[PDB]
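Below: input_35.txt (compact mmCIF, C-alpha atoms)
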# COMPACT_ATOMS: atom_id res chain seq x y z
CA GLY T 94 -73.71 -15.85 -38.86
CA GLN T 95 -75.44 -13.95 -36.05
CA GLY T 96 -72.22 -13.27 -34.14
CA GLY T 97 -68.72 -14.51 -33.33
CA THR T 98 -65.92 -14.04 -30.79
CA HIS T 99 -62.26 -12.98 -30.85
CA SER T 100 -59.68 -12.12 -28.18
CA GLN T 101 -56.32 -10.34 -28.21
CA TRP T 102 -54.54 -8.37 -25.49
CA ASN T 103 -51.16 -6.79 -24.80
CA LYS T 104 -48.74 -8.92 -22.78
CA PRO T 105 -46.09 -6.36 -21.50
CA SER T 106 -47.02 -4.27 -18.46
CA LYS T 107 -45.11 -1.46 -16.68
CA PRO T 108 -41.34 -0.71 -17.00
CA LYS T 109 -38.48 -3.05 -16.08
CA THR T 110 -37.69 -2.75 -12.36
CA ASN T 111 -33.95 -3.16 -12.91
CA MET T 112 -31.88 -0.39 -11.27
CA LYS T 113 -28.39 0.07 -9.76
CA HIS T 114 -26.58 2.62 -7.56
CA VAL T 115 -23.58 2.38 -5.20
CA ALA T 116 -22.15 4.55 -2.41
CA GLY T 117 -19.52 4.14 0.31
CA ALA T 118 -16.09 5.35 1.44
CA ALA T 119 -13.26 4.38 3.80
CA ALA T 120 -10.02 5.99 5.05
CA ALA T 121 -6.43 4.86 5.65
CA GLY T 122 -3.20 6.34 7.03
CA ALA T 123 -1.58 6.25 3.59
CA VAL T 124 -1.55 8.72 0.66
CA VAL T 125 0.41 11.29 2.67
CA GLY T 126 0.75 14.37 0.44
CA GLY T 127 4.51 13.94 0.31
CA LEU T 128 4.22 10.23 -0.57
CA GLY T 129 1.17 9.62 -2.78
CA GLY T 130 2.02 6.01 -3.69
CA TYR T 131 3.09 3.69 -0.89
CA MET T 132 1.23 1.09 1.21
CA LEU T 133 1.25 -0.66 4.59
CA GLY T 134 3.11 -3.97 4.66
CA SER T 135 2.25 -7.08 6.69
CA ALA T 136 3.43 -8.09 10.16
CA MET T 137 5.38 -11.28 10.93
CA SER T 138 6.35 -13.57 13.83
CA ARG T 139 8.28 -11.77 16.61
CA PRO T 140 11.68 -10.67 15.12
CA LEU T 141 13.95 -10.95 18.18
CA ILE T 142 17.10 -8.87 17.61
CA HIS T 143 20.32 -10.00 19.31
CA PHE T 144 23.28 -7.64 19.67
CA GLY T 145 25.84 -9.98 21.23
CA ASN T 146 25.73 -7.86 24.38
CA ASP T 147 23.32 -9.29 27.01
CA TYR T 148 22.65 -5.74 28.21
CA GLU T 149 21.34 -4.70 24.81
CA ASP T 150 19.55 -8.03 24.34
CA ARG T 151 17.60 -7.53 27.59
CA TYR T 152 16.78 -3.93 26.68
CA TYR T 153 15.17 -5.03 23.43
CA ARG T 154 13.33 -7.96 25.06
CA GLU T 155 11.62 -5.86 27.73
CA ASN T 156 10.75 -2.98 25.38
CA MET T 157 9.75 -4.94 22.21
CA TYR T 158 6.11 -4.75 23.34
CA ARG T 159 6.30 -1.04 22.43
CA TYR T 160 8.07 -1.47 19.06
CA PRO T 161 6.47 -1.32 15.61
CA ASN T 162 5.42 -4.72 14.21
CA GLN T 163 4.75 -3.46 10.69
CA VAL T 164 6.54 -1.43 8.02
CA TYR T 165 5.49 0.69 5.02
CA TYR T 166 6.87 0.87 1.45
CA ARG T 167 6.29 1.67 -2.23
CA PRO T 168 5.28 -1.26 -4.47
CA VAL T 169 7.71 -3.73 -6.08
CA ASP T 170 7.10 -2.41 -9.62
CA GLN T 171 8.95 0.80 -8.69
CA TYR T 172 12.22 -1.06 -7.99
CA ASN T 173 15.02 -2.59 -10.07
CA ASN T 174 16.91 -3.83 -6.97
CA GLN T 175 16.33 -5.09 -3.42
CA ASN T 176 18.42 -2.42 -1.67
CA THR T 177 16.24 0.42 -2.88
CA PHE T 178 13.09 -1.30 -1.56
CA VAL T 179 14.79 -1.79 1.82
CA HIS T 180 15.98 1.85 1.89
CA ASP T 181 12.46 3.21 1.31
CA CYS T 182 10.97 0.79 3.81
CA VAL T 183 13.37 1.63 6.65
CA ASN T 184 13.04 5.39 6.07
CA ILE T 185 9.24 5.56 5.93
CA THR T 186 8.83 3.28 8.95
CA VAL T 187 11.15 5.35 11.20
CA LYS T 188 9.52 8.53 9.84
CA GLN T 189 6.15 7.28 11.09
CA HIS T 190 7.76 6.50 14.46
CA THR T 191 9.28 9.96 14.98
CA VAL T 192 6.22 12.05 14.00
CA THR T 193 3.97 10.31 16.54
CA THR T 194 6.67 10.40 19.24
CA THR T 195 7.56 14.10 18.93
CA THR T 196 3.85 15.00 19.06
CA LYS T 197 2.77 12.70 21.93
CA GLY T 198 5.88 12.93 24.12
CA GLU T 199 8.85 10.58 24.57
CA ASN T 200 8.10 6.87 25.20
CA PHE T 201 11.57 5.27 25.01
CA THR T 202 15.17 6.10 25.93
CA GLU T 203 17.68 6.98 23.16
CA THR T 204 19.05 3.46 23.61
CA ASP T 205 15.69 1.99 22.52
CA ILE T 206 15.60 4.16 19.42
CA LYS T 207 19.02 2.73 18.49
CA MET T 208 17.56 -0.80 18.84
CA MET T 209 14.48 -0.23 16.70
CA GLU T 210 16.56 0.78 13.67
CA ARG T 211 17.78 -2.85 13.56
CA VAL T 212 14.31 -4.37 13.79
CA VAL T 213 12.96 -2.18 11.01
CA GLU T 214 15.72 -3.01 8.50
CA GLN T 215 15.41 -6.76 9.26
CA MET T 216 11.64 -6.62 8.70
CA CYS T 217 12.19 -4.74 5.41
CA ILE T 218 14.33 -7.56 3.95
CA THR T 219 11.69 -10.10 4.99
CA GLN T 220 8.76 -8.11 3.59
CA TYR T 221 10.50 -7.27 0.32
CA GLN T 222 10.79 -10.97 -0.44
CA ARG T 223 7.11 -11.63 0.38
CA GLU T 224 5.99 -8.76 -1.85
CA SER T 225 8.28 -9.88 -4.68
CA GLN T 226 6.94 -13.46 -4.52
CA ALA T 227 3.40 -12.06 -4.57
CA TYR T 228 4.25 -10.07 -7.73
CA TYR T 229 5.71 -13.05 -9.57
CA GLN T 230 2.91 -15.48 -8.65
CA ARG T 231 0.18 -13.03 -9.77
CA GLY T 232 1.74 -12.54 -13.20
CA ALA T 233 2.46 -8.82 -12.75
Encoded form using structure tokens:
Amino acid sequence: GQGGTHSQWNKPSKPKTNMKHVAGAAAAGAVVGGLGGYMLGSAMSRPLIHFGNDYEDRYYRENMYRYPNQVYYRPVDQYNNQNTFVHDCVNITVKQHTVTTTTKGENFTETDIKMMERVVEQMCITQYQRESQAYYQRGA
């Protein structure tokens, strides 16, 4: 024959454009050097403390707008009993209260400080149960 034709060419062209990177950070008021492993709990509906005395009852009612609505504690997996969870929770919460108060100046009378101890322990019992239920339902 006087000629002929043929064609062939490469199909691939240039490298794959797939790539990945990530960056980002955040901060929180946890991981205190003398703590290392505790977290913020959740708030709840207004826990109105009653003391039997109307005088004390009124004191709490007018000042509750200045009281903590949240508590802090170590996780459930570090406890074999409810009382230990409550003891950590009450201590860390009042600790947070005193360090900000002594640095910023006084904001409540001694009487108010005696009231807030009650609200913190009551919130600890309530939160402990919520955290425990969360641990059981997640299959921890």
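With all atoms listed in the file as the atoms that count, the residue of T:104, T:188, T:151, T:143 with the shortest distance to residue 164 of chain T is T:188.
Among the candidates T:115, T:128, T:157, T:120, the residue lying nearest to residue 205 of chain T is T:157 (atoms considered: all atoms listed in the file).
Across T:136, T:119, T:206, T:192, the tightest approach to residue 156 of chain T is made by T:206 when counting only C-alpha atoms.
Here atom CA of residue 144 of chain T stands at a distance of 28.7 Å from atom CA of residue 225 of chain T.
Nearest-residue note for residue 228 of chain T: choosing from T:168, T:129, T:161, T:198, the minimum distance belongs to T:168, counting all atoms listed in the file.
Separating atom CA of residue 149 of chain T from atom CA of residue 189 of chain T is a distance of 23.7 Å.
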- prompt: So how far away is atom CA of residue 181 of chain T from atom CA of residue 227 of chain T, in Å?
  reply: 18.7 Å
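Restricting the calculation to all atoms listed in the file, the smallest distance between residue 137 of chain T and any of T:204, T:191, T:220, T:103 is found for T:220.
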